[PDB]
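Spelled out, the chains give:
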There are 2 protein chains.
Amino acid sequence: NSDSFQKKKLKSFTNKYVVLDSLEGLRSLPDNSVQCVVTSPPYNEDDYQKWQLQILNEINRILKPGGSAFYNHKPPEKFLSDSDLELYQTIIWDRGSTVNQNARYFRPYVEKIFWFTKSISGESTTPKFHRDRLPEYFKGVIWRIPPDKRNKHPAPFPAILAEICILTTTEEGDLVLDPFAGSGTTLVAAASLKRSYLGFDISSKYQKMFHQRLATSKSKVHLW
Amino acid sequence: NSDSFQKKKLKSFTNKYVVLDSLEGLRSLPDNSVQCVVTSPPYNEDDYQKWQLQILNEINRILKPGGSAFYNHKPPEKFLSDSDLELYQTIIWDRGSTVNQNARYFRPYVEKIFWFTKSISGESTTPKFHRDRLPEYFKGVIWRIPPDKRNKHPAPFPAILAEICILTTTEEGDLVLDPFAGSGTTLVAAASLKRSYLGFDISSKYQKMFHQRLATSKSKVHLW
Ligand SMILES: Nc1ncnc2c1ncn2[C@@H]1O[C@H](C[C@@H](N)CC[C@H](N)C(=O)O)[C@@H](O)[C@H]1O
Ligand SMILES: Nc1ncnc2c1ncn2[C@@H]1O[C@H](C[C@@H](N)CC[C@H](N)C(=O)O)[C@@H](O)[C@H]1O
């Protein structure tokens, strides 16, 4: 009967930005219901790693077999591997430049995008992945994408980054989830690509921004 | 008296390619004797991680305070963090292209260079680092360096990669160590930059290649 409740929530949540605690929203989705997750998480250090492990394990349950979860982390690999999710590849997001010019280290203009896939009974898989759909510029493990400087959210990623993840791992109609939706970049990208979307966030402020961002965007696809 | 023996070995080993087991060679160097390590390690998976941890812990002992060890790994971060070495930054070596065009993943033309520094009493440090000595092209966390396709060694890294590590972390006369010297790329780069060098490897074949490579190179600096 929790199956029936989760399925009911899935239909009620489809193509919605839902103001809700991230873990609570994930716990209300059915097993094997989500084809693609694109998200960048927010924020005790041991408590935080415990919380993120609960997030990743719930993502593993709700991912379809062969689904993908792209997790943009702002030693992360140590705790990220303790998860039911199987780390498939680490993508390098090259932002081009950084305001941090502190010369104690090399200029840190790189963020990681961890590409996870679903593990069934502790066994591996190959994710649904269509690299041919991308321009040559984005077929490599480094994506050169300048930050979305016009976005009013304090910390988003650009739409084209979401589009790459979604277009290669989904068909039209498939459900794309972002459990930390923020300004809704993942949801707009899914909608522009004729995928279904679902966002969780705790900001009613960000939900309204998405609803207004959704109205004024003309479904433009930044890719191609 | 092991101090005295190690110091004697250090003088005997300086500016030499020494055919010797890597761990044994490291165990014969004194504490706080090496300013810079540049190396790419070779090769049971649990046994291998145990072996590499012994290598890294010995490197931590022989590093000078504020010294640097650049470790090119061909979830590595999980076991790499269990070490006495403190991971300082992960550098992205962008090789430009790969022959592996398998479309199950993004083209994997990236290798990691882990920048470690010495930990004293489980406490951090800032490594000696002079970023200003580099051309702008290499001041960022991604280094775009095509592979040394003319090198007959089955798996080297290019000289310019070694030069970047050495030039930013050393003064002339400082000792540069590569405990897996192979063709001797690290040693040639140190010599061309008027640093001292020390290599360990088990191939007498590779030692001879270094001795002949050393003679025919004109100490050319690929940097600048
Ligand atoms: N416990 C939580 N549950 C759900 N959302 C949360 C929680 N804590 C923080 N958030 C949201 O997580 C988001 C993290 C953002 N970096 C995401 C930005 C988003 N990827 C974008 O492109 O706009 C913020 O918008 C927070 O409001
Ligand atoms: N136990 C060992 N001790 C020392 N050297 C070893 C050991 N096992 C393998 N090697 C060497 O480790 C090297 C690894 C190479 N990838 C290094 C290449 C080197 N960085 C270059 O640019 O030429 C090989 O040349 C092996 O001969």
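Residues numbered from 1 in each chain as written, not as in the entry; some residues may be left out. Chains lettered and ligands numbered in written order. Heavy atoms only, no water. Residues with missing side-chain atoms left out of burial classes, pairs and counts.

Per the PDB record, the structure was determined using X-ray crystallography to 1.89 Å resolution.

Within the PDB entry, the label attached to chain A reads DNA cytosine-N4 methyltransferase, and the organism entered is Adineta vaga.

Quick word on the pattern of salt bridges
The final tally for this structure, using the stated rule, is 22 salt bridges over all chains. Of the charged contacts in the structure, one is a salt bridge between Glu136 of chain B and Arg107 of chain A, with a shortest N-O distance of 2.9 Å. Of this pair, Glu136 of chain B sits in the loop between strand 5 (110-117) and strand 6 (142-144) while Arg107 of chain A sits in the loop between strand 4 (86-94) and strand 5 (110-117), on two different chains. The partner of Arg95 of chain B in a salt bridge is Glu111 of chain B, and the shortest N-O contact between them spans 2.3 Å. Of this pair, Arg95 of chain B sits in the loop between strand 4 (86-94) and strand 5 while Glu111 of chain B sits in strand 5, placing them 16 residues apart in sequence. Classification of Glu111 of chain B as buried rests on a relative accessible area of 9%. (Salt bridge = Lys/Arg side-chain N within 4 Å of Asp/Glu carboxyl O. Helix = DSSP H or I, 4+ residues; strand = E, 2+ residues; numbered from the N terminus. Buried < 20%, exposed > 50% of the residue type's maximum accessible area, 1.4 Å probe, protein only.)

As for the site of ligand 2
Residues and elements named next belong to chain B. By nearness alone, 21 residues border ligand 2, and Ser22, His153, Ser183, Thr185 and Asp201 come closest of all. Separating a nitrogen atom of ligand 2 from a backbone N or O atom of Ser22 is a distance of 3.0 Å. One of the side-chain nitrogen or oxygen atoms of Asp201 is found 2.9 Å away from an oxygen atom of ligand 2. Summarising the interface, the protein chains cover 92% of the accessible area of ligand 2, which totals 590 Å² for the free molecule. A per-class count over the shell around ligand 2 returns 12 nonpolar, 6 polar and 3 charged. (Near = heavy atom within 4 Å. Polar contact = N/O pair within 3.5 Å; in protein donor to acceptor, adjacent residues only side chain to side chain. Areas by Shrake-Rupley, 256 points an atom, 1.4 Å probe, with all protein chains shown as cover. Nonpolar A, V, L, I, M, F, W, Y, C, P; charged D, E, K, R; others polar.)

Concerning the sheet that holds strand 6 of chain B
Residues and elements named next belong to chain B. Within the open sheet, the 8 strands sit side by side as 1-8-7-2-3-5-4-6. Their pairing is mixed. This sheet does not close on itself; its edge strands, each paired only once, are strand 1 (16-19) and strand 6. Sheet twist, expressed as the average angle between the axes of neighbouring strands with direction ignored, equals 20 degrees. The strands that helix 3 (residues 45-62) touches are strand 2 (34-39), strand 3 (63-73), strand 5 and strand 7 (175-178); relative to strand 3, the one it contacts most, it runs at about 150 degrees. Running at roughly 165 degrees to strand 1, helix 7 (residues 204-216) makes contact with strand 1 and strand 8 (196-201) of the sheet. (Pairing = 2+ DSSP bridges. Axes fitted to C-alpha atoms, helices over the stretch in contact; angles between N-to-C directions. Contact = heavy atoms within 4.5 Å.)

Focus on the site of ligand 1
All names here are of chain A. Close to ligand 1 lie 21 residues; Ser22, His153, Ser183, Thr185 and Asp201 are nearest. One of the backbone N or O atoms of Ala155 is found 3.2 Å from a nitrogen atom in ligand 1. In isolation ligand 1 exposes 600 Å². Once the protein is present, 92% of that is buried. Residues of the shell around ligand 1, tallied by class, amount to 12 nonpolar, 6 polar and 3 charged.

Quick notes on the side chain of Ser119 of chain A
Residue and element names in this part refer to chain A. Relative to the helices and strands, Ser119 is located in the loop between strand 5 and strand 6 (142-144). When its relative accessible area of 15% is taken as the criterion, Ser119 is described as buried. If we skip the residues at most four places from it in the chain, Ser119 touches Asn60, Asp84 and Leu85.

Details of the packing of aromatic side chains
Using the criterion set out here, one finds 30 aromatic pairs over all chains in the structure. With a centroid separation of 6.3 Å and an interplanar angle of 80 degrees, the aromatic rings of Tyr71 of chain A and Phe116 of chain A are classed as edge-to-face. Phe116 of chain A sits in the buried class, given a relative accessible area of 1%. Pairing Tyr137 of chain A with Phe138 of chain A gives two aromatic rings, centres 5.1 Å apart and planes at 85 degrees, and the pair type is edge-to-face. A network of ring pairs unites the aromatic residues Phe70, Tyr88, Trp115, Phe129 and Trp143 of chain A together with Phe106 of chain B as a single cluster. (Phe/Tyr/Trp six-rings, centres within 6.5 Å; stacked < 30°, edge-to-face > 60°.)

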